[PDB]
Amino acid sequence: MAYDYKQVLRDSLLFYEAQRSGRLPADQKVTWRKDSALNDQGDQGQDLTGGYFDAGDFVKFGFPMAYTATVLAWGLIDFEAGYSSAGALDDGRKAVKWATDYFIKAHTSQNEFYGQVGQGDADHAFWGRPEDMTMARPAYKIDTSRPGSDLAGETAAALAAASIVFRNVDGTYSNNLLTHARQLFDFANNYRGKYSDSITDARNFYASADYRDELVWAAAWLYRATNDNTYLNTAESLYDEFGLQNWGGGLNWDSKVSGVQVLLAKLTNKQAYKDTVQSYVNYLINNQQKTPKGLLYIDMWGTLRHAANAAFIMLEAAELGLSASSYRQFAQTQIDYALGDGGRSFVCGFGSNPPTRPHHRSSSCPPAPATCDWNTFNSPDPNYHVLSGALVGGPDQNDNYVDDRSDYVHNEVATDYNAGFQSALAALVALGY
(Lines of atoms letter the chains of each structure in order from A and count residues from 1; the text may use other names and numbers.)
(Lines give C-alpha, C1' and ligand atoms only; values in the text may rest on other atoms or scores of the structure.)
Protein backbone atom coordinates (compact mmCIF):
# COMPACT_ATOMS: atom_id res chain seq x y z
CA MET A 1 0.00 0.00 0.00
CA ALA A 2 0.96 3.66 0.42
CA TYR A 3 1.28 4.35 -3.31
CA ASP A 4 2.89 7.54 -4.61
CA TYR A 5 0.03 8.62 -6.90
CA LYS A 6 1.90 11.79 -7.82
CA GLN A 7 4.73 9.73 -9.26
CA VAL A 8 2.42 7.29 -11.03
CA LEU A 9 0.80 10.34 -12.66
CA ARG A 10 4.23 11.51 -13.81
CA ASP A 11 4.93 7.97 -15.03
CA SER A 12 1.72 7.94 -17.07
CA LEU A 13 2.85 11.17 -18.72
CA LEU A 14 6.11 9.41 -19.61
CA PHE A 15 4.05 6.72 -21.31
CA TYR A 16 2.39 9.34 -23.48
CA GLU A 17 5.80 10.82 -24.33
CA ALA A 18 6.76 7.29 -25.44
CA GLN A 19 3.74 7.25 -27.78
CA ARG A 20 4.61 10.50 -29.56
CA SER A 21 4.84 10.43 -33.34
CA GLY A 22 6.64 13.03 -35.45
CA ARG A 23 9.44 15.43 -34.53
CA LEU A 24 10.15 15.22 -30.80
CA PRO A 25 10.87 18.38 -28.76
CA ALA A 26 14.26 19.29 -27.34
CA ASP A 27 12.89 18.81 -23.82
CA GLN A 28 11.63 15.27 -24.48
CA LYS A 29 12.07 13.19 -21.31
CA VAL A 30 11.72 9.73 -22.86
CA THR A 31 14.92 10.14 -24.86
CA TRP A 32 15.21 6.60 -26.23
CA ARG A 33 12.36 7.60 -28.56
CA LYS A 34 13.46 9.38 -31.74
CA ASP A 35 11.94 11.50 -34.51
CA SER A 36 9.78 9.34 -36.79
CA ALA A 37 6.90 9.28 -39.27
CA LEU A 38 8.13 12.62 -40.59
CA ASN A 39 6.50 12.04 -43.98
CA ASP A 40 2.95 11.54 -42.70
CA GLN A 41 0.74 13.53 -45.06
CA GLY A 42 -2.71 13.93 -46.57
CA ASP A 43 -3.91 13.25 -50.10
CA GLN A 44 -2.77 16.69 -51.29
CA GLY A 45 0.46 16.46 -49.33
CA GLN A 46 -0.86 18.31 -46.28
CA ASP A 47 1.37 17.94 -43.23
CA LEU A 48 -0.03 15.28 -40.88
CA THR A 49 3.07 14.78 -38.74
CA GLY A 50 2.71 14.52 -34.99
CA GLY A 51 -0.04 13.03 -32.88
CA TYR A 52 0.16 9.75 -30.98
CA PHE A 53 0.91 6.24 -32.16
CA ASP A 54 -2.08 4.21 -30.99
CA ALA A 55 -0.62 1.30 -29.06
CA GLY A 56 2.35 -1.00 -29.58
CA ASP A 57 2.07 -0.21 -33.30
CA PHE A 58 2.64 2.96 -35.32
CA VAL A 59 -0.78 3.59 -36.82
CA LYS A 60 -2.43 6.87 -35.87
CA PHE A 61 -6.06 5.81 -35.22
CA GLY A 62 -8.06 9.01 -34.90
CA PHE A 63 -11.05 7.72 -32.95
CA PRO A 64 -9.22 6.36 -29.91
CA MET A 65 -6.70 9.23 -30.16
CA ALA A 66 -9.48 11.82 -29.89
CA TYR A 67 -11.11 9.91 -27.03
CA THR A 68 -7.76 9.85 -25.25
CA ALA A 69 -7.38 13.60 -25.68
CA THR A 70 -10.89 14.32 -24.39
CA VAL A 71 -10.47 12.22 -21.25
CA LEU A 72 -7.01 13.62 -20.50
CA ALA A 73 -8.31 17.18 -20.91
CA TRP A 74 -11.37 16.32 -18.81
CA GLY A 75 -9.18 15.27 -15.89
CA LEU A 76 -6.98 18.33 -16.35
CA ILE A 77 -10.05 20.55 -16.01
CA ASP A 78 -11.76 18.89 -13.03
CA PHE A 79 -8.61 17.82 -11.18
CA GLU A 80 -6.08 20.45 -12.20
CA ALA A 81 -4.96 20.63 -8.57
CA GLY A 82 -3.81 17.02 -8.85
CA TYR A 83 -1.50 17.87 -11.73
CA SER A 84 -0.23 20.98 -9.94
CA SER A 85 0.45 19.09 -6.71
CA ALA A 86 2.48 16.59 -8.73
CA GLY A 87 4.37 19.40 -10.45
CA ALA A 88 2.98 18.07 -13.72
CA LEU A 89 0.62 20.82 -14.87
CA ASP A 90 2.83 21.92 -17.77
CA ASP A 91 3.42 18.33 -18.91
CA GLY A 92 -0.28 17.57 -18.53
CA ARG A 93 -1.12 20.43 -20.87
CA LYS A 94 1.60 19.29 -23.28
CA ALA A 95 0.09 15.80 -23.42
CA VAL A 96 -3.24 17.27 -24.51
CA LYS A 97 -1.68 19.71 -26.97
CA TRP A 98 0.34 16.97 -28.65
CA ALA A 99 -2.97 15.46 -29.70
CA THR A 100 -4.88 18.65 -30.52
CA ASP A 101 -2.05 20.12 -32.61
CA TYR A 102 -2.44 17.00 -34.75
CA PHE A 103 -6.24 17.21 -34.90
CA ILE A 104 -5.88 20.75 -36.23
CA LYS A 105 -3.65 19.48 -39.05
CA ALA A 106 -6.02 16.58 -39.75
CA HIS A 107 -8.88 19.07 -40.12
CA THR A 108 -7.84 19.95 -43.67
CA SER A 109 -11.14 21.60 -44.64
CA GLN A 110 -14.21 22.62 -42.64
CA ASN A 111 -16.01 19.39 -43.57
CA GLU A 112 -12.97 17.17 -44.14
CA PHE A 113 -11.02 15.30 -41.50
CA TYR A 114 -8.20 12.79 -41.66
CA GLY A 115 -8.92 9.94 -39.28
CA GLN A 116 -5.96 7.67 -39.90
CA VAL A 117 -2.33 7.62 -40.99
CA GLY A 118 -0.82 4.20 -41.62
CA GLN A 119 -2.60 1.05 -42.78
CA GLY A 120 -3.25 -1.66 -40.22
CA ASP A 121 -1.69 -4.50 -42.18
CA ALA A 122 1.37 -2.71 -43.58
CA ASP A 123 2.09 -1.20 -40.18
CA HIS A 124 1.58 -4.36 -38.13
CA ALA A 125 3.66 -6.50 -40.49
CA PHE A 126 6.67 -4.50 -39.29
CA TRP A 127 8.34 -4.89 -35.89
CA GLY A 128 11.06 -2.38 -35.09
CA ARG A 129 11.78 1.26 -34.31
CA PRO A 130 9.34 3.79 -35.80
CA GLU A 131 12.17 5.84 -37.32
CA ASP A 132 13.10 2.71 -39.30
CA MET A 133 9.74 2.35 -41.09
CA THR A 134 10.01 2.27 -44.88
CA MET A 135 6.51 1.15 -45.85
CA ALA A 136 3.91 3.47 -47.35
CA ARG A 137 1.69 5.16 -44.78
CA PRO A 138 -1.66 5.97 -46.42
CA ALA A 139 -3.85 8.66 -44.89
CA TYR A 140 -7.61 8.13 -44.75
CA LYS A 141 -10.27 10.79 -44.30
CA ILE A 142 -13.97 11.36 -43.79
CA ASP A 143 -15.80 14.07 -45.74
CA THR A 144 -19.30 15.03 -46.88
CA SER A 145 -19.57 11.98 -49.15
CA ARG A 146 -18.03 9.60 -46.60
CA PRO A 147 -19.05 10.88 -43.13
CA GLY A 148 -17.96 9.96 -39.63
CA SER A 149 -20.11 11.52 -36.92
CA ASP A 150 -18.42 9.52 -34.18
CA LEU A 151 -14.87 10.41 -35.23
CA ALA A 152 -15.67 14.06 -35.97
CA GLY A 153 -17.74 14.28 -32.80
CA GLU A 154 -15.11 12.86 -30.46
CA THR A 155 -12.51 15.13 -32.04
CA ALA A 156 -14.79 18.14 -31.60
CA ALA A 157 -15.18 17.15 -27.94
CA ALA A 158 -11.42 16.85 -27.48
CA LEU A 159 -10.87 20.25 -29.08
CA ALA A 160 -13.60 21.88 -27.00
CA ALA A 161 -12.26 20.32 -23.80
CA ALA A 162 -8.76 21.45 -24.73
CA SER A 163 -10.00 25.00 -25.38
CA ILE A 164 -11.05 25.10 -21.72
CA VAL A 165 -7.67 23.77 -20.58
CA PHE A 166 -5.85 26.58 -22.42
CA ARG A 167 -8.42 29.33 -21.84
CA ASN A 168 -6.07 31.35 -19.62
CA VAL A 169 -2.53 30.15 -20.36
CA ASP A 170 -2.89 30.38 -24.14
CA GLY A 171 -5.99 32.30 -25.17
CA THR A 172 -4.98 32.44 -28.82
CA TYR A 173 -4.59 28.66 -29.01
CA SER A 174 -7.81 28.26 -27.05
CA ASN A 175 -9.69 30.33 -29.63
CA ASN A 176 -8.20 28.30 -32.47
CA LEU A 177 -9.15 25.03 -30.78
CA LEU A 178 -12.73 26.22 -30.34
CA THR A 179 -13.07 27.32 -33.97
CA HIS A 180 -12.09 23.84 -35.14
CA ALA A 181 -14.32 22.22 -32.51
CA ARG A 182 -17.40 24.12 -33.71
CA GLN A 183 -16.77 23.25 -37.35
CA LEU A 184 -16.16 19.57 -36.65
CA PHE A 185 -19.36 19.33 -34.62
CA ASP A 186 -21.34 20.87 -37.48
CA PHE A 187 -19.71 18.39 -39.85
CA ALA A 188 -20.53 15.49 -37.52
CA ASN A 189 -24.13 16.60 -36.99
CA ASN A 190 -24.95 17.69 -40.56
CA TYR A 191 -23.44 14.60 -42.21
CA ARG A 192 -24.48 11.49 -40.26
CA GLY A 193 -22.61 8.20 -40.52
CA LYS A 194 -20.22 5.72 -38.90
CA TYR A 195 -16.60 6.69 -39.60
CA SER A 196 -15.52 3.06 -40.01
CA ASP A 197 -17.94 2.70 -42.92
CA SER A 198 -15.92 5.48 -44.58
CA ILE A 199 -12.40 4.70 -43.36
CA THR A 200 -12.95 0.98 -43.87
CA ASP A 201 -9.47 -0.03 -42.72
CA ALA A 202 -10.54 0.97 -39.21
CA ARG A 203 -13.52 -1.41 -39.21
CA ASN A 204 -11.34 -4.25 -37.93
CA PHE A 205 -9.38 -2.27 -35.35
CA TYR A 206 -11.63 0.47 -33.94
CA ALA A 207 -15.05 -0.18 -35.42
CA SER A 208 -17.90 2.28 -34.98
CA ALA A 209 -20.61 1.20 -32.54
CA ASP A 210 -23.45 3.72 -32.38
CA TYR A 211 -22.20 7.19 -33.28
CA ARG A 212 -25.22 8.88 -31.70
CA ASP A 213 -23.69 9.18 -28.22
CA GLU A 214 -20.79 11.11 -29.77
CA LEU A 215 -23.11 13.86 -31.02
CA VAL A 216 -24.46 14.38 -27.50
CA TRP A 217 -20.95 14.16 -26.01
CA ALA A 218 -19.60 16.75 -28.46
CA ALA A 219 -22.57 19.08 -27.98
CA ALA A 220 -22.19 18.90 -24.20
CA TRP A 221 -18.48 19.74 -24.37
CA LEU A 222 -19.12 22.61 -26.76
CA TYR A 223 -21.70 24.02 -24.35
CA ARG A 224 -19.19 23.80 -21.52
CA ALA A 225 -16.55 25.56 -23.64
CA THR A 226 -18.79 28.32 -24.99
CA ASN A 227 -21.71 28.74 -22.57
CA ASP A 228 -23.74 28.92 -25.78
CA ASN A 229 -27.17 27.54 -24.83
CA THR A 230 -27.72 26.25 -28.38
CA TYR A 231 -25.27 23.43 -27.70
CA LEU A 232 -26.95 22.48 -24.43
CA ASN A 233 -30.36 22.36 -26.10
CA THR A 234 -28.97 20.19 -28.88
CA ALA A 235 -27.21 17.91 -26.39
CA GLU A 236 -30.36 17.37 -24.33
CA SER A 237 -32.65 17.10 -27.35
CA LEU A 238 -30.48 14.40 -28.93
CA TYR A 239 -30.04 12.69 -25.55
CA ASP A 240 -33.82 12.27 -25.35
CA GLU A 241 -34.29 11.52 -29.05
CA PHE A 242 -31.68 8.76 -28.95
CA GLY A 243 -32.87 7.58 -25.54
CA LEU A 244 -29.38 7.49 -24.02
CA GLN A 245 -30.86 6.93 -20.56
CA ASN A 246 -31.53 3.35 -21.70
CA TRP A 247 -28.09 2.70 -23.20
CA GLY A 248 -25.62 0.41 -21.46
CA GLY A 249 -23.56 2.44 -19.02
CA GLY A 250 -19.83 2.93 -19.14
CA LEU A 251 -16.93 5.02 -20.40
CA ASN A 252 -14.86 3.71 -23.31
CA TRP A 253 -13.48 4.91 -26.63
CA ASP A 254 -16.53 3.51 -28.47
CA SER A 255 -19.30 4.08 -25.92
CA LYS A 256 -19.38 6.76 -23.25
CA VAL A 257 -22.99 7.00 -22.11
CA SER A 258 -21.85 7.33 -18.49
CA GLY A 259 -19.43 10.08 -19.46
CA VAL A 260 -22.24 11.96 -21.19
CA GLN A 261 -24.52 11.48 -18.20
CA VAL A 262 -22.09 12.59 -15.50
CA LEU A 263 -21.06 15.52 -17.71
CA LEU A 264 -24.64 16.66 -18.33
CA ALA A 265 -25.43 16.18 -14.64
CA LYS A 266 -22.72 18.73 -13.84
CA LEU A 267 -23.69 21.14 -16.63
CA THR A 268 -27.44 21.11 -15.94
CA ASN A 269 -27.62 20.01 -12.29
CA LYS A 270 -30.65 17.95 -13.34
CA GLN A 271 -31.54 15.05 -11.05
CA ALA A 272 -32.45 12.69 -13.91
CA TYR A 273 -28.84 12.43 -15.09
CA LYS A 274 -27.64 11.95 -11.51
CA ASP A 275 -30.09 9.07 -11.07
CA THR A 276 -28.67 7.25 -14.09
CA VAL A 277 -25.10 7.78 -12.86
CA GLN A 278 -25.83 6.50 -9.34
CA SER A 279 -27.64 3.47 -10.72
CA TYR A 280 -24.64 2.56 -12.87
CA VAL A 281 -22.01 3.10 -10.18
CA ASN A 282 -24.03 1.24 -7.55
CA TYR A 283 -24.36 -1.64 -10.00
CA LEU A 284 -20.61 -1.78 -10.57
CA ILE A 285 -19.84 -1.73 -6.85
CA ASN A 286 -22.56 -4.15 -5.78
CA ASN A 287 -23.04 -6.52 -8.71
CA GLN A 288 -20.60 -6.30 -11.65
CA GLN A 289 -18.43 -9.40 -11.92
CA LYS A 290 -15.15 -9.05 -10.04
CA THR A 291 -12.02 -11.17 -9.74
CA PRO A 292 -11.55 -12.93 -6.38
CA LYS A 293 -9.08 -10.19 -5.43
CA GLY A 294 -11.55 -7.39 -6.11
CA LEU A 295 -10.83 -6.13 -9.63
CA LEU A 296 -13.89 -5.17 -11.68
CA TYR A 297 -13.94 -7.63 -14.59
CA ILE A 298 -15.88 -5.93 -17.36
CA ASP A 299 -14.32 -7.59 -20.42
CA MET A 300 -11.27 -9.60 -21.46
CA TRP A 301 -9.96 -6.76 -23.66
CA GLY A 302 -8.14 -4.00 -21.81
CA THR A 303 -9.41 -5.34 -18.50
CA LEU A 304 -7.53 -2.88 -16.29
CA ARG A 305 -8.49 -0.04 -18.64
CA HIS A 306 -12.16 -0.86 -18.04
CA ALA A 307 -11.68 -0.89 -14.26
CA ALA A 308 -9.76 2.40 -14.34
CA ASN A 309 -12.37 4.00 -16.62
CA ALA A 310 -15.07 2.95 -14.17
CA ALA A 311 -12.95 4.38 -11.35
CA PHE A 312 -12.86 7.73 -13.12
CA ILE A 313 -16.63 7.76 -13.61
CA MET A 314 -16.94 7.07 -9.88
CA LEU A 315 -14.59 9.95 -9.04
CA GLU A 316 -16.60 12.26 -11.31
CA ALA A 317 -19.81 11.06 -9.68
CA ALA A 318 -18.39 11.80 -6.23
CA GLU A 319 -17.84 15.40 -7.34
CA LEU A 320 -21.60 15.62 -7.97
CA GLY A 321 -22.08 14.83 -4.30
CA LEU A 322 -23.11 11.23 -4.93
CA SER A 323 -21.90 8.91 -2.14
CA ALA A 324 -18.60 10.78 -2.34
CA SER A 325 -16.72 8.83 0.33
CA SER A 326 -17.75 5.35 -0.80
CA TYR A 327 -17.38 6.12 -4.51
CA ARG A 328 -13.92 7.63 -4.05
CA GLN A 329 -12.86 4.70 -1.87
CA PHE A 330 -14.04 2.13 -4.40
CA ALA A 331 -12.37 4.00 -7.25
CA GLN A 332 -9.15 3.91 -5.24
CA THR A 333 -9.34 0.13 -4.81
CA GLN A 334 -9.41 -0.29 -8.58
CA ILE A 335 -6.45 2.01 -9.19
CA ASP A 336 -4.65 0.35 -6.27
CA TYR A 337 -5.22 -3.07 -7.81
CA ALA A 338 -3.47 -1.86 -10.96
CA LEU A 339 -0.63 -0.51 -8.83
CA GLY A 340 -0.06 -3.76 -6.95
CA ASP A 341 -2.72 -4.65 -4.37
CA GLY A 342 -3.46 -7.85 -6.26
CA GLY A 343 0.06 -9.16 -5.78
CA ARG A 344 2.04 -7.35 -8.47
CA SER A 345 2.03 -4.09 -10.37
CA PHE A 346 0.39 -3.96 -13.79
CA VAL A 347 1.97 -0.61 -14.62
CA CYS A 348 5.24 -0.94 -16.53
CA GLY A 349 8.26 0.57 -14.81
CA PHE A 350 6.44 0.81 -11.49
CA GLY A 351 6.06 -1.18 -8.31
CA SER A 352 6.49 -4.85 -7.54
CA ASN A 353 7.17 -7.36 -10.33
CA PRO A 354 5.64 -5.19 -13.09
CA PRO A 355 5.18 -6.39 -16.67
CA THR A 356 8.52 -6.13 -18.47
CA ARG A 357 7.45 -7.44 -21.88
CA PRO A 358 4.61 -5.18 -23.03
CA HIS A 359 3.38 -5.86 -26.58
CA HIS A 360 5.11 -2.70 -27.74
CA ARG A 361 7.57 -2.20 -30.60
CA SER A 362 9.55 0.92 -29.75
CA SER A 363 10.30 -0.10 -26.17
CA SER A 364 11.37 -3.60 -27.24
CA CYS A 365 14.12 -2.22 -29.46
CA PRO A 366 17.79 -1.83 -28.54
CA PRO A 367 19.35 1.47 -29.62
CA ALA A 368 20.47 1.94 -33.21
CA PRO A 369 22.57 0.85 -35.06
CA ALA A 370 21.70 -2.59 -33.68
CA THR A 371 18.95 -4.19 -35.73
CA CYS A 372 15.41 -4.28 -34.37
CA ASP A 373 13.15 -6.72 -36.18
CA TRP A 374 10.87 -9.68 -35.53
CA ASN A 375 13.76 -11.50 -33.86
CA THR A 376 13.58 -8.74 -31.24
CA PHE A 377 9.86 -9.45 -30.79
CA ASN A 378 10.80 -13.13 -30.45
CA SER A 379 13.39 -12.42 -27.73
CA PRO A 380 12.89 -14.17 -24.36
CA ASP A 381 14.47 -11.14 -22.69
CA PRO A 382 12.44 -8.26 -21.22
CA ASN A 383 11.80 -5.24 -23.45
CA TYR A 384 15.08 -3.35 -23.78
CA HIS A 385 13.51 -0.07 -22.64
CA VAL A 386 11.26 0.15 -19.60
CA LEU A 387 7.93 1.57 -20.77
CA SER A 388 7.37 3.66 -17.67
CA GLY A 389 3.73 4.33 -16.88
CA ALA A 390 2.01 1.99 -19.33
CA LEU A 391 -1.07 0.19 -18.01
CA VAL A 392 -1.28 -3.29 -19.55
CA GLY A 393 -4.39 -5.31 -20.37
CA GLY A 394 -4.00 -7.13 -17.08
CA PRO A 395 -4.91 -10.45 -15.42
CA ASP A 396 -7.74 -12.80 -16.28
CA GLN A 397 -11.01 -13.20 -14.38
CA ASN A 398 -9.19 -15.18 -11.67
CA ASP A 399 -6.27 -12.77 -11.17
CA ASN A 400 -3.93 -15.02 -13.18
CA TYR A 401 -1.22 -13.44 -15.32
CA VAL A 402 2.00 -14.25 -17.17
CA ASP A 403 4.26 -11.54 -18.61
CA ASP A 404 4.45 -12.48 -22.30
CA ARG A 405 5.12 -10.15 -25.25
CA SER A 406 3.06 -12.23 -27.67
CA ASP A 407 0.04 -12.16 -25.36
CA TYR A 408 -1.73 -9.08 -26.66
CA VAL A 409 -4.82 -9.65 -24.52
CA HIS A 410 -2.88 -9.33 -21.28
CA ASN A 411 0.21 -7.37 -22.38
CA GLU A 412 -1.37 -4.89 -24.76
CA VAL A 413 -0.72 -1.23 -23.93
CA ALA A 414 -2.50 1.66 -25.63
CA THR A 415 -3.14 5.38 -25.49
CA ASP A 416 -6.79 4.80 -24.61
CA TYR A 417 -5.78 2.40 -21.82
CA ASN A 418 -3.98 5.16 -19.91
CA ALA A 419 -6.54 7.97 -20.32
CA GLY A 420 -9.13 7.19 -17.65
CA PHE A 421 -6.30 5.81 -15.51
CA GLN A 422 -4.27 9.02 -15.68
CA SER A 423 -7.28 11.24 -15.01
CA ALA A 424 -8.20 9.06 -12.02
CA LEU A 425 -4.67 9.46 -10.67
CA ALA A 426 -4.98 13.24 -10.95
CA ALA A 427 -8.25 13.01 -9.00
CA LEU A 428 -6.69 10.88 -6.26
CA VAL A 429 -3.86 13.39 -5.91
CA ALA A 430 -6.33 16.28 -5.82
CA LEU A 431 -8.20 14.52 -3.01
CA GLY A 432 -4.99 14.17 -0.99
CA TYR A 433 -4.89 10.37 -1.22
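So that there is no doubt, residue numbering starts at 1 and follows the sequence shown.
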With reference to the PDB entry, specify whether the mean Cα temperature factor is higher for 360-368 or for 22-30.
-> 22-30
Mean Cα B-factor comparison, 185-193 or 351-359, giving the higher one as deposited = 185-193
Which of these has the highest Cα B-factor in the record: 138, 128, 343, 92?
-> 343
Highest recorded Cα temperature factor - choice among 117, 122, 71, 318 = 318
When the modelled residues of the chain are sorted by Cα temperature factor, does residue 305 land in the lowest, middle or highest third?
-> lowest
Third of the chain's Cα B-factor distribution that residue 253 belongs to, per the entry = highest
Taking the values exactly as deposited, rank residue 149 by C-alpha B-factor within its chain and report the matching third: lowest, middle or highest.
-> middle
Within this chain, which third does the Cα B-factor at residue 380 fall in: lowest, middle or highest?
-> highest
For residue 52, the third of its chain into which the C-alpha B factor falls = lowest
